[PDB]
Amino acid sequence: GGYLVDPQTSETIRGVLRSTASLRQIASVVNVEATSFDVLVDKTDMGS
Amino acid sequence: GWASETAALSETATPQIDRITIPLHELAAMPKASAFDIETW
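In order, the protein sequences belong to chains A5 and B5.
Using the entry's author numbering, you'd call the opening residue of the first sequence number 98 and step up by one each time.
Numbering-wise, the second sequence is residues 146 to 179, 187 to 193 according to the entry's author numbering.
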């Protein structure tokens, strides 16, 4: 009879939950296909 | 003042005025210019 009984598996393979906070929520993302991205800053300012 | 019943009552005081001048200077900047629209920016 031991062969006649079969355990029932779960419905979905479940995994360990890991946090999704990624700094992508506060940083600025851009949609840029180009092999890179450039930004242009003013490390100093003019004078008056 | 508080005047008396029988007194002079002459020429109490008057504020001395003062005029403060605001020279209205100017603040000048001259950068040279050599997508960016740096002109408007």
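Yeah, the Cβ is synthetic: ideal placement off N, Cα and C, and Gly gets one too.
Nearest to residue i (by Cα), restricted to the options the options
| i | options | result |
| --- | --- | --- |
| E156 (chain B5) | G146 (chain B5), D163 (chain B5), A187 (chain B5) | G146 (chain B5) |
| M175 (chain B5) | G144 (chain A5), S116 (chain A5), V127 (chain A5), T117 (chain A5) | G144 (chain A5) |
Cβ-Cβ separation, residue j to residue i (assumed contact under 8 Å), whole Å
| i | j | result |
| --- | --- | --- |
| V127 (chain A5) | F134 (chain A5) | 6 Å |
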